[PDB]
Protein chains: 4
Amino acid sequence: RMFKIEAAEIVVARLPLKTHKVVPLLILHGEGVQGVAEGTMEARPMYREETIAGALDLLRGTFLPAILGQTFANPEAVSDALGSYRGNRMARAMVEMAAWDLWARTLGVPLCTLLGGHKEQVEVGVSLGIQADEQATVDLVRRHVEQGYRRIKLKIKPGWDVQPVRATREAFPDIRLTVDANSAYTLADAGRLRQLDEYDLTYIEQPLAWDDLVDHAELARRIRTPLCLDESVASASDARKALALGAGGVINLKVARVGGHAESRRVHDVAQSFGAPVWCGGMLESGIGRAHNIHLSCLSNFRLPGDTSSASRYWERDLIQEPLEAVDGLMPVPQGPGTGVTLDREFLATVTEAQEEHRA
Amino acid sequence: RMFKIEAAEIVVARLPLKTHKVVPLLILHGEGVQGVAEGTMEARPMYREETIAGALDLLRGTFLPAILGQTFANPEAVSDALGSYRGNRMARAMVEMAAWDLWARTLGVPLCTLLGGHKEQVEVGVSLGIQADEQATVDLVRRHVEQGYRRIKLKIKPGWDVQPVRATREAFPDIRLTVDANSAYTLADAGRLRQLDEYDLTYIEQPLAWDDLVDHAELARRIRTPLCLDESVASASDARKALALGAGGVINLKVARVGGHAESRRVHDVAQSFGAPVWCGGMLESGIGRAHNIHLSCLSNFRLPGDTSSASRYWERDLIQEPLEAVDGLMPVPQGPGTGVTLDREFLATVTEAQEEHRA
Amino acid sequence: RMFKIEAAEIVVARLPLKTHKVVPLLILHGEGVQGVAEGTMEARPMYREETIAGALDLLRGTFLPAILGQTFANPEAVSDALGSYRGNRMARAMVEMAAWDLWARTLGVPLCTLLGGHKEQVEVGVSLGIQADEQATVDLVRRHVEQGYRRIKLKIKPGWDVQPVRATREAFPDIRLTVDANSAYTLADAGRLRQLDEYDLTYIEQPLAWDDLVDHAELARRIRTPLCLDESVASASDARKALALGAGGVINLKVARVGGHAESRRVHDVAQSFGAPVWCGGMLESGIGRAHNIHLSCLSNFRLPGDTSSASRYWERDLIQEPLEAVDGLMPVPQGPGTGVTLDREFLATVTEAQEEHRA
Amino acid sequence: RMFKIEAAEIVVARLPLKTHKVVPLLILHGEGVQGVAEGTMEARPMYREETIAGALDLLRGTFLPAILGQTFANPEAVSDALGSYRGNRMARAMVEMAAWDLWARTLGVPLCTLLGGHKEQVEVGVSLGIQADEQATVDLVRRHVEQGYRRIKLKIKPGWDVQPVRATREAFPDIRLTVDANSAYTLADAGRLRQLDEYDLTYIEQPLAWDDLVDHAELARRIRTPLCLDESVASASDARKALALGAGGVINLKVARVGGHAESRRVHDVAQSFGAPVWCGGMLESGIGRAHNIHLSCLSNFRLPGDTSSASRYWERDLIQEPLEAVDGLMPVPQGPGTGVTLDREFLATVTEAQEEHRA
């Protein structure tokens with residue numbers, strides 16, 4: 001039956017990178033279990049428009065007051081209760097995704113199962129930076145290919161795009177290879193980007209403006225490599241407009257970017273209805289965010305490998321007790337109810353920089 | 001955790017109307033509970049292409065042997081186990097919808113809750129057949145408006161379309177009025193159908209061929225009244241195609257026609273991503289199908305009234321213990337786990353034409 | 001003059017493959033001659049949506065009662081008498097095509113002649129499976145090329161498509177070569193499929209969903225190889241919409257898939273009106289179905305070789321008395337009235353698993 | 001079996017109207033029967049481009065030597081034997097339609113039966129010339145409505161179009177009303193022609209240039225009244241092009257204009273695949289041409305009334321023994337093999353201007 005949200009903690013961790021990454025956590029308490037989610041907004045608006053200060057104020061001043069002491073049938077009812085505030089989808093996601101974890105746990109059921117997924121493991125790839133040169137690139141890719149990662153994603157810019165790709169492609173003609181064009185291009189770069197077509201990349205990710213669809217649709221007409229959208233799809237309706245416009249053929253689905261799991265399933269199903277795959281993006285998450293990602297990636301239209309690589313790549317120590325490690329490019333689903341992962345409270349305390357509790 | 005399907009019954013009933021209607025039921029047994037669904041295919045292929053003989057042969061010879069004795073995480077995993085076969089969506093829906101009911105009952109959770117709904121009541125419309133004249137049409141509309149229905153549907157046909165709509169709108173300037181054109185028209189009829197535009201109908205349902213989207217798209221360019229698709233939307237990709245082509249702006253969503261609740265929710269979500277409403281169609285269901293319809297209708301993009309009106313309107317006595325009776329145009333969600341309704345087995349046995357049981 | 005259908009037999013044969021293939025036969029009796037047709041639906045819905053159980057029930061319960069004891073001018077009048085039932089085109093075809101055979105026989109005229117054809121032989125090719133590897137492929141193709149088959153059709157999938165084709169094409173740069181992409185692809189595969197363009201395949205057959213036209217039209221814009229449609233054209237109007245959309249440039253015309261000979265001529269003439277050829281598909285038919293195919297293939301827009309290869313390739317013994325063998329990729333038209341072939345009744349009796357007779 | 005064409009007569013008659021009309025006839029002899037067809041080209045190129053001198057030279061110098069002494073399976077094989085020559089469709093139709101008549105008579109089967117028709121009567125419309133004023137127009141329409149015609153066609157011209165249509169529709173709110181715009185308009189006339197829209201005409205026939213589709217397509221975008229094509233549809237591919245371009249939604253089908261019955265049935269079937277009706281146009285034919293028209297009009301997509309009204313309206317005395325007289329808007333199919341009508345040779349001889357006979 002229904003669940004009452006009795007309390008909420010906001011806990012902000014500073015996790016040293018194997019300097020540091022800020023991990024905002026929401027813990028929701030109810031019915032003798034807890035749901036935990038991780039914010040993917042940054043202290044500064046560099047990847048997208050939200051910030052930690054903005055989001056946390058929104059949580060404590062608006063979203064939490066709306067739900068505390070209230071009883072709900074499902075996470076959809078929680079989302080409905082937040083109201084018609086505009087944007088701020090990652091802030092919303094913290095509440096929505098914590099509610100999914102909590103709801104799943106009241107039932108004793110794995111999160112993926114309630115979302116409609118039935119995989120026991122998900123395929124994963126890796127994303128690498130710009131290397132010094134053609135050889136360095138080929139060597140560092142080789143390192144990850146020898147780990148069995150199922151897709152290699154290279155950062156590119158002008159004019160370091162064709163070189164890395166041509167090099168990597170000759171060394172490895174059979175690997176699945178893609179680029180993150182990092183919005184470093186404008187329509188004026190179409191001809192250069194077209195030079196990548198010979199190398200059979202699965203896609204070129206977000207080459208133009210982070211908020212654009214119209215120019216991407218134009219660029220897609222000029223080159224043969226499929227475009228993948230990331231930043232410009234923050235909702236199921238964005239996904240619809242992008243795919244109808246022909247702005248891309250692939251979507252990088254980031255769960256919090258679109259406002260949480262239910263909206264993510266809708267994005268996933270819209271892409272599928274257009275015959276376009278999705279794959280799971282990464283935001284350098286702690287094991288909380290990483291576990292939410294893995295559960296969502298169990299859905300059938302996650303047909304390309306996600307950026308969901310081994311936790312030990314990122315952290316000398318994670319915030320959860322369970323390891324999240326891929327082998328041979330396959331990441332298993334963490335077992336247990338909800339996310340199947342558990343905060344390591346003692347370790348978390350050592351890296352906490354802010355903490356607060358809220359009740360009705 | 002997971003559920004094992006131990007056994008299945010197919011019960012074919014011949015249920016007396018308020019002549020008789022053949023009602024095929026599938027009961028799935030496992031984990032100490034049962035899931036029940038109702039087939040919407042007829043003896044002859046009149047509404048669509050499937051028949052009772054084809055469907056039941058497909059169940060007992062193919063679908064049931066594929067699932068009996070098997071253990072599943074969720075209804076999506078059940079459907080997956082049948083994925084190789086083409087078409088036959090209503091046969092498929094019998095298994096898939098029974099699986100939803102069973103699964104929900106293993107958790108003790110209402111079906112609407114697991115599909116993402118949080119409504120306690122759903123809005124209902126009424127459907128009027130062709131009457132003798134204008135005033136007989138108006139008198140019948142007057143009755144149903146007074147009973148509180150939230151939408152009026154008029155059957156129309158060539159030679160009888162503008163007249164009943166004109167007479168109705170003149171008597172009722174502000175009601176929600178729709179028509180069912182029952183694939184009775186051609187493109188030559190565009191000028192006649194345009195004559196409906198001044199009467200501000202919410203939609204005209206499937207005026208052209210039952211399996212067409214392309215000609216509907218053309219008709220929608222020639223008249224201003226919205227088109228609503230029925231038979232030609234049998235999947236989420238069909239929904240995407242119809243909306244993207246501009247074949248209509250509204251979908252009559254029938255859960256069994258599209259293959260069950262999971263795909264129905266995908267259709268619902270695709271439509272929503274286009275900003276287009278769905279509503280719940282009816283197939284003269286016994287209490288089993290009617291209760292599945294009510295649970296599905298709880299989803300948020302069911303924003304026009306559905307054909308889930310009172311069971312007493314159809315049946316002397318229904319196959320379930322619970323009355324499903326709308327009051328003032330509102331149908332309550334039957335309370336309880338899964339569909340929240342319960343077969344009356346003794347009454348059922350009195351109207352059973354044929355029954356059979358299958359195990360692994 | 002007119003013909004009265006006095007009786008109908010349904011005879012179901014189990015024919016061992018050179019395990020077994022089920023051959024449903026309809027025999028219609030009238031005016032001292034008989035017409036015979038073969039159902040191409042399967043026991044399970046694997047190629048398309050109909051099944052033997054569904055179709056036979058439709059024949060005995062609906063189509064046969066409609067025609068028995070009735071007198072008709074032509075096969076068109078027989079089809080008209082079946083009524084407005086939806087879909088089930090292969091069930092309809094059994095009646096329609098048997099009526100063509102019967103009608104032709106009352107006149108003493110070859111079926112092809114009444115359909116408007118005037119060829120004495122038809123060009124044929126072959127369709128092969130996936131081979132172990134590039135060499136096996138090339139060798140097995142060589143076997144058929146040395147028999148003079150006029151087109152070689154390879155099964156493909158990802159990622160075994162470019163390899164077979166490149167191999168076969170180098171060994172044989174001049175042969176007519178095509179692939180059956182077997183609906184094993186989605187729009188996400190456009191780039192790979194494009195790699196086939198260099199090898200000058202005549203067409204790629206039904207790469208996307210069996211029931212789709214819209215995505216095929218999109219894929220056609222992205223690759224240079226023509227698309228051929230099979231499953232998604234079940235009528236002359238489907239053919240029109242497909243060709244107007246640009247969903248393909250070639251149609252695989254299967255006579256029973258579209259509902260029989262008259263509809264097939266209409267499909268053939270619509271394709272011709274758009275400047276698109278057709279060719280005759282195959283459904284592993286006995287000599288009954290094979291002979292109907294050959295007669296239909298005499299029409300002038302059958303401009304590409306059909307899958308109508310030698311009977312002795314399939315059966316150690318056929319159900320008819322006459323051989324149907326191609327030499328040098330040319331299949332002669334069986335002489336005589338109607339189909340020009342004759343059931344071997346004694347042999348048929350040995351492989352009959354069901355038989356029934358129906359009268360007015 | 002096959003037919004040998006042994007001999008041909010060309011008879012040119014000058015038939016007195018109820019002044020005179022020149023009627024060119026071709027008679028084909030073989031297998032103890034004869035086939036007769038009537039030329040629809042005039043002495044001067046006024047309706048279309050062909051003339052009696054051109055056509056008859058083409059017959060006696062080219063077409064007849066190609067077929068005399070040759071043996072054919074069907075009329076399609078006869079047409080094929082002339083395939084090298086360009087245009088001249090009405091000359092071609094003389095041979096092709098005579099071949100249909102001959103062939104049908106070798107089998108003892110009515111022509112309509114072999115073309116696929118099963119109607120015993122066809123619906124007929126009437127064509128009114130330009131009258132002096134509104135009331136003279138209305139009085140004449142009143143007469144023809146009372147005689148039972150199923151469609152009224154008004155000739156219109158610039159300066160006289162809206163007025164007669166307005167007056168007619170006011171007097172007759174519900175009749176099927178059409179106009180013949182006789183290529184008398186230009187695109188500058190779009191606003192005037194749009195003024196016809198409120199009068200719900202079934203179609204406006206060929207308002208712009210006789211050989212155009214493109215400008216008609218443009219006009220159809222500017223007004224809501226359907227356009228009907230006549231002179232610019234001379235083949236099935238012209239039909240496909242017109243319908244796909246949206247040049248019109250209806251085709252006036254004249255059997256001789258398109259090259260005969262086989263191509264006419266292809267035009268009919270193409271139109272049908274687009275969901276567009278055809279109707280049978282008239283060319284003031286003697287009983288020979290009128291009877292071919294009636295047999296063709298039996299096909300199912302002749303869903304609007306045809307100009308095959310009573311022969312007595314045109315001729316003091318017709319060239320055939322049988323009266324073709326419509327009653328209450330219905331023309332019976334003349335009974336008998338082929339066209340079911342028979343030349344009155346003694347009467348014919350009295351009005352014969354010139355005759356000739358050819359053998360191999």
# chains A, B, ... in the order shown; residues from 1 in each chain; ligands from 1

call {"tool": "residues_around", "arguments": {"residues": "residue 289 of chain D", "least_positions_apart": "5", "cutoff": "10 Å", "atoms": "only C-alpha atoms", "output": "NGL selection string"}}
result
:D and (23 or 25 or 36-40 or 94 or 97 or 255-256 or 282-284 or 294 or 308 or 339)

call {"tool": "write_last_selection", "arguments": {"atoms": "N, CA and C atoms", "output": "PDB file, in the first residue's frame"}}
result
ATOM      1  N   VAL D  23     -18.486   7.955 -88.132  1.00  0.00           N
ATOM      2  CA  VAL D  23     -18.185   6.885 -87.171  1.00  0.00           C
ATOM      3  C   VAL D  23     -17.223   5.850 -87.769  1.00  0.00           C
ATOM      4  N   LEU D  25     -15.324   2.451 -87.828  1.00  0.00           N
ATOM      5  CA  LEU D  25     -15.373   1.123 -87.198  1.00  0.00           C
ATOM      6  C   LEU D  25     -14.291   0.176 -87.706  1.00  0.00           C
ATOM      7  N   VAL D  36     -15.860  -6.048 -82.795  1.00  0.00           N
ATOM      8  CA  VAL D  36     -16.100  -4.719 -83.374  1.00  0.00           C
ATOM      9  C   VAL D  36     -15.739  -3.623 -82.376  1.00  0.00           C
ATOM     10  N   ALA D  37     -15.010  -2.600 -82.840  1.00  0.00           N
ATOM     11  CA  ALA D  37     -14.786  -1.399 -82.036  1.00  0.00           C
ATOM     12  C   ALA D  37     -15.001  -0.111 -82.836  1.00  0.00           C
ATOM     13  N   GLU D  38     -15.166   0.997 -82.112  1.00  0.00           N
ATOM     14  CA  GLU D  38     -15.487   2.284 -82.716  1.00  0.00           C
ATOM     15  C   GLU D  38     -14.421   3.341 -82.372  1.00  0.00           C
ATOM     16  N   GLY D  39     -13.938   4.051 -83.388  1.00  0.00           N
ATOM     17  CA  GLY D  39     -12.913   5.069 -83.190  1.00  0.00           C
ATOM     18  C   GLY D  39     -13.519   6.316 -82.601  1.00  0.00           C
ATOM     19  N   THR D  40     -12.826   6.952 -81.642  1.00  0.00           N
ATOM     20  CA  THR D  40     -13.334   8.218 -81.084  1.00  0.00           C
ATOM     21  C   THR D  40     -12.539   9.468 -81.531  1.00  0.00           C
ATOM     22  N   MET D  94      -8.796   1.086 -81.061  1.00  0.00           N
ATOM     23  CA  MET D  94      -9.642   0.446 -82.071  1.00  0.00           C
ATOM     24  C   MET D  94      -9.314  -1.039 -82.230  1.00  0.00           C
ATOM     25  N   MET D  97      -9.702  -2.911 -78.471  1.00  0.00           N
ATOM     26  CA  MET D  97     -11.112  -3.122 -78.063  1.00  0.00           C
ATOM     27  C   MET D  97     -11.861  -4.130 -78.941  1.00  0.00           C
ATOM     28  N   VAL D 255     -12.445   5.091 -72.350  1.00  0.00           N
ATOM     29  CA  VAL D 255     -11.726   3.845 -72.682  1.00  0.00           C
ATOM     30  C   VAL D 255     -10.742   3.983 -73.867  1.00  0.00           C
ATOM     31  N   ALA D 256     -11.182   4.636 -74.945  1.00  0.00           N
ATOM     32  CA  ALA D 256     -10.368   4.853 -76.142  1.00  0.00           C
ATOM     33  C   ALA D 256      -9.225   5.854 -75.943  1.00  0.00           C
ATOM     34  N   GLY D 282     -18.128  10.074 -72.102  1.00  0.00           N
ATOM     35  CA  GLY D 282     -18.809   9.741 -73.343  1.00  0.00           C
ATOM     36  C   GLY D 282     -18.218  10.541 -74.470  1.00  0.00           C
ATOM     37  N   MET D 283     -18.358  10.009 -75.682  1.00  0.00           N
ATOM     38  CA  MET D 283     -17.792  10.620 -76.877  1.00  0.00           C
ATOM     39  C   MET D 283     -18.792  10.505 -78.039  1.00  0.00           C
ATOM     40  N   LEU D 284     -20.084  10.604 -77.705  1.00  0.00           N
ATOM     41  CA  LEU D 284     -21.187  10.585 -78.674  1.00  0.00           C
ATOM     42  C   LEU D 284     -21.087   9.319 -79.525  1.00  0.00           C
ATOM     43  N   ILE D 294     -20.448   0.582 -71.551  1.00  0.00           N
ATOM     44  CA  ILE D 294     -21.326  -0.003 -70.522  1.00  0.00           C
ATOM     45  C   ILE D 294     -20.643  -1.216 -69.881  1.00  0.00           C
ATOM     46  N   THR D 308     -23.238   7.288 -70.342  1.00  0.00           N
ATOM     47  CA  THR D 308     -23.684   6.246 -71.240  1.00  0.00           C
ATOM     48  C   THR D 308     -25.221   6.248 -71.195  1.00  0.00           C
ATOM     49  N   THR D 339     -19.390  -7.642 -76.262  1.00  0.00           N
ATOM     50  CA  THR D 339     -20.147  -6.406 -75.997  1.00  0.00           C
ATOM     51  C   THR D 339     -21.673  -6.656 -75.903  1.00  0.00           C
TER      52      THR D 339
END

call {"tool": "select_by_dssp", "arguments": {"residues": "segment 133-326 of chain A", "states": "alpha helix (DSSP H)", "output": "PyMOL selection string"}}
result
chain A and resi 134-145+162-171+190-194+214-222+236-245+261-273+287-296

call {"tool": "residues_around", "arguments": {"residues": "segment 57-69 of chain A", "least_positions_apart": "3", "cutoff": "10 Å", "atoms": "only C-alpha atoms", "output": "PyMOL selection string"}}
result
chain A and resi 3-10+26+28-30+52-54+72+77-79+81-83+85+88+91-92+94-95+356-360

call {"tool": "residues_around", "arguments": {"residues": "residue 331 of chain D", "least_positions_apart": "2", "cutoff": "9 Å", "atoms": "only C-alpha atoms", "output": "ChimeraX atom specification"}}
result
/D:120-124,294,308-310,324-329,333-334

call {"tool": "closest_atom_pairs", "arguments": {"of": "chain B", "to": "chain C", "cutoff": "10 Å", "atoms": "only C-alpha atoms", "output": "JSON lines"}}
result
{"residue": "B:43", "atom": "CA", "partner": "C:58", "partner_atom": "CA", "distance": 8.9}
{"residue": "B:44", "atom": "CA", "partner": "C:58", "partner_atom": "CA", "distance": 7.2}
{"residue": "B:45", "atom": "CA", "partner": "C:85", "partner_atom": "CA", "distance": 5.5}
{"residue": "B:46", "atom": "CA", "partner": "C:85", "partner_atom": "CA", "distance": 5.3}
{"residue": "B:47", "atom": "CA", "partner": "C:86", "partner_atom": "CA", "distance": 7.2}
{"residue": "B:48", "atom": "CA", "partner": "C:86", "partner_atom": "CA", "distance": 5.6}
{"residue": "B:49", "atom": "CA", "partner": "C:87", "partner_atom": "CA", "distance": 5.0}
{"residue": "B:50", "atom": "CA", "partner": "C:54", "partner_atom": "CA", "distance": 8.0}
{"residue": "B:51", "atom": "CA", "partner": "C:54", "partner_atom": "CA", "distance": 6.7}
{"residue": "B:52", "atom": "CA", "partner": "C:54", "partner_atom": "CA", "distance": 8.1}
{"residue": "B:53", "atom": "CA", "partner": "C:54", "partner_atom": "CA", "distance": 5.6}
{"residue": "B:54", "atom": "CA", "partner": "C:54", "partner_atom": "CA", "distance": 3.8}
{"residue": "B:55", "atom": "CA", "partner": "C:54", "partner_atom": "CA", "distance": 7.6}
{"residue": "B:56", "atom": "CA", "partner": "C:54", "partner_atom": "CA", "distance": 9.2}
{"residue": "B:57", "atom": "CA", "partner": "C:53", "partner_atom": "CA", "distance": 6.6}
{"residue": "B:58", "atom": "CA", "partner": "C:44", "partner_atom": "CA", "distance": 7.3}
{"residue": "B:61", "atom": "CA", "partner": "C:44", "partner_atom": "CA", "distance": 8.8}
{"residue": "B:62", "atom": "CA", "partner": "C:44", "partner_atom": "CA", "distance": 7.7}
{"residue": "B:84", "atom": "CA", "partner": "C:46", "partner_atom": "CA", "distance": 7.0}
{"residue": "B:85", "atom": "CA", "partner": "C:46", "partner_atom": "CA", "distance": 5.2}
{"residue": "B:86", "atom": "CA", "partner": "C:49", "partner_atom": "CA", "distance": 5.3}
{"residue": "B:87", "atom": "CA", "partner": "C:49", "partner_atom": "CA", "distance": 5.0}
{"residue": "B:88", "atom": "CA", "partner": "C:49", "partner_atom": "CA", "distance": 6.3}
{"residue": "B:89", "atom": "CA", "partner": "C:49", "partner_atom": "CA", "distance": 9.6}
{"residue": "B:210", "atom": "CA", "partner": "C:86", "partner_atom": "CA", "distance": 8.6}
{"residue": "B:211", "atom": "CA", "partner": "C:87", "partner_atom": "CA", "distance": 9.3}
{"residue": "B:212", "atom": "CA", "partner": "C:238", "partner_atom": "CA", "distance": 9.0}
{"residue": "B:213", "atom": "CA", "partner": "C:241", "partner_atom": "CA", "distance": 9.8}
{"residue": "B:214", "atom": "CA", "partner": "C:241", "partner_atom": "CA", "distance": 7.3}
{"residue": "B:215", "atom": "CA", "partner": "C:241", "partner_atom": "CA", "distance": 8.9}
{"residue": "B:237", "atom": "CA", "partner": "C:212", "partner_atom": "CA", "distance": 9.5}
{"residue": "B:238", "atom": "CA", "partner": "C:212", "partner_atom": "CA", "distance": 9.0}
{"residue": "B:241", "atom": "CA", "partner": "C:214", "partner_atom": "CA", "distance": 7.4}
{"residue": "B:245", "atom": "CA", "partner": "C:214", "partner_atom": "CA", "distance": 9.3}

call {"tool": "write_last_selection", "arguments": {"atoms": "C-alpha atoms", "output": "mmCIF file, in the first residue's frame"}}
result
data_model
loop_
_atom_site.group_PDB
_atom_site.id
_atom_site.type_symbol
_atom_site.label_atom_id
_atom_site.label_comp_id
_atom_site.auth_asym_id
_atom_site.auth_seq_id
_atom_site.Cartn_x
_atom_site.Cartn_y
_atom_site.Cartn_z
ATOM 1 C CA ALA B 43 -15.704 -15.338 -33.378
ATOM 2 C CA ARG B 44 -15.396 -13.564 -36.767
ATOM 3 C CA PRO B 45 -12.927 -10.845 -37.747
ATOM 4 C CA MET B 46 -15.216 -7.810 -37.701
ATOM 5 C CA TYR B 47 -13.624 -5.083 -35.564
ATOM 6 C CA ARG B 48 -10.173 -6.285 -36.437
ATOM 7 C CA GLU B 49 -8.341 -9.283 -37.777
ATOM 8 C CA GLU B 50 -8.115 -11.731 -34.851
ATOM 9 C CA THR B 51 -10.647 -14.453 -34.058
ATOM 10 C CA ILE B 52 -11.465 -16.623 -31.014
ATOM 11 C CA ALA B 53 -10.370 -19.860 -32.782
ATOM 12 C CA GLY B 54 -7.023 -18.383 -33.877
ATOM 13 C CA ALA B 55 -6.343 -16.767 -30.505
ATOM 14 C CA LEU B 56 -7.189 -19.781 -28.350
ATOM 15 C CA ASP B 57 -5.151 -22.140 -30.584
ATOM 16 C CA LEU B 58 -2.266 -19.679 -30.235
ATOM 17 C CA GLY B 61 -0.385 -24.378 -28.567
ATOM 18 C CA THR B 62 2.243 -21.642 -28.294
ATOM 19 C CA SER B 84 9.066 -14.055 -31.724
ATOM 20 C CA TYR B 85 5.492 -14.149 -33.030
ATOM 21 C CA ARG B 86 3.926 -11.624 -35.378
ATOM 22 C CA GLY B 87 0.716 -9.663 -34.833
ATOM 23 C CA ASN B 88 -1.978 -11.353 -32.744
ATOM 24 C CA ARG B 89 -1.908 -8.492 -30.226
ATOM 25 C CA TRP B 210 -9.432 0.815 -40.387
ATOM 26 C CA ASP B 211 -5.762 0.113 -41.066
ATOM 27 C CA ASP B 212 -4.789 3.488 -42.577
ATOM 28 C CA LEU B 213 -2.756 6.465 -41.374
ATOM 29 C CA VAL B 214 -1.686 8.080 -44.640
ATOM 30 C CA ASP B 215 -5.138 8.945 -46.024
ATOM 31 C CA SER B 237 5.425 3.092 -32.973
ATOM 32 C CA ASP B 238 2.043 3.182 -34.747
ATOM 33 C CA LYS B 241 3.775 7.438 -36.806
ATOM 34 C CA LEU B 245 2.296 12.149 -39.933
#

call {"tool": "atom_distance", "arguments": {"atom1": "atom CA of residue 21 of chain C", "atom2": "atom CA of residue 322 of chain C"}}
result
19.7 Å

call {"tool": "residues_around", "arguments": {"residues": "residue 233 of chain B", "least_positions_apart": "3", "cutoff": "8 Å", "atoms": "only C-alpha atoms", "output": "CSV table (one decimal) with N, CA, C and O atoms, in the first residue's frame"}}
result
chain,number,residue,atom,x,y,z
B,229,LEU,N,-7.8,8.3,-34.0
B,229,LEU,CA,-7.5,7.0,-34.6
B,229,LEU,C,-7.9,5.9,-33.6
B,229,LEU,O,-7.7,6.1,-32.4
B,230,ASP,N,-8.4,4.8,-34.2
B,230,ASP,CA,-8.7,3.6,-33.3
B,230,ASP,C,-7.9,2.4,-33.9
B,230,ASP,O,-6.8,2.2,-33.5
B,236,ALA,N,3.0,1.4,-29.9
B,236,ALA,CA,3.6,2.7,-29.6
B,236,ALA,C,4.2,3.3,-30.9
B,236,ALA,O,4.2,4.6,-31.1
B,238,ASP,N,3.2,2.8,-33.9
B,238,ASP,CA,2.0,3.2,-34.7
B,238,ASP,C,1.6,4.5,-34.2
B,238,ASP,O,1.1,5.4,-34.9
B,239,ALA,N,1.6,4.7,-32.8
B,239,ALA,CA,1.1,5.9,-32.3
B,239,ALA,C,2.1,7.1,-32.7
B,239,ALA,O,1.6,8.2,-33.1
B,242,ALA,N,1.4,7.9,-36.5
B,242,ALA,CA,0.1,8.6,-36.7
B,242,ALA,C,0.2,10.1,-36.3
B,242,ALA,O,-0.3,11.0,-37.0
B,251,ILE,N,-6.0,9.7,-29.7
B,251,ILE,CA,-6.0,8.3,-29.9
B,251,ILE,C,-7.0,7.6,-29.0
B,251,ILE,O,-7.0,7.8,-27.8
B,253,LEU,N,-7.5,4.6,-27.2
B,253,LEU,CA,-6.6,3.6,-26.8
B,253,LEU,C,-7.4,2.4,-26.2
B,253,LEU,O,-8.1,2.5,-25.2
B,258,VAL,N,-3.6,-3.1,-28.5
B,258,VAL,CA,-2.1,-2.8,-28.6
B,258,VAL,C,-1.2,-3.8,-27.9
B,258,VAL,O,0.0,-3.7,-28.0

call {"tool": "atom_distance", "arguments": {"atom1": "atom CA of residue 158 of chain B", "atom2": "atom CA of residue 303 of chain D"}}
result
14.6 Å

call {"tool": "atom_distance", "arguments": {"atom1": "atom CA of residue 16 of chain B", "atom2": "atom CA of residue 315 of chain B"}}
result
6.6 Å

call {"tool": "decode", "arguments": {"residues": "segment 17-22 of chain B", "atoms": "N, CA and C atoms", "output": "short mmCIF file (atom, residue, chain, number, x, y, z; two decimals), in the first residue's frame"}}
result
data_model
loop_
_atom_site.label_atom_id
_atom_site.label_comp_id
_atom_site.auth_asym_id
_atom_site.auth_seq_id
_atom_site.Cartn_x
_atom_site.Cartn_y
_atom_site.Cartn_z
N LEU B 17 -26.61 -10.76 -22.49
CA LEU B 17 -26.67 -9.30 -22.50
C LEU B 17 -27.97 -8.81 -21.87
N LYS B 18 -27.98 -7.55 -21.42
CA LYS B 18 -29.18 -6.95 -20.85
C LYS B 18 -30.25 -6.83 -21.94
N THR B 19 -27.92 -10.42 -27.11
CA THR B 19 -28.53 -11.69 -26.75
C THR B 19 -27.59 -12.42 -25.76
N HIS B 20 -26.52 -13.02 -26.29
CA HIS B 20 -25.39 -13.47 -25.48
C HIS B 20 -24.10 -12.89 -26.06
N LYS B 21 -23.04 -12.82 -25.26
CA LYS B 21 -21.72 -12.47 -25.78
C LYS B 21 -20.72 -13.51 -25.29
N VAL B 22 -19.91 -14.00 -26.21
CA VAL B 22 -18.87 -14.97 -25.89
C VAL B 22 -17.71 -14.24 -25.22
#
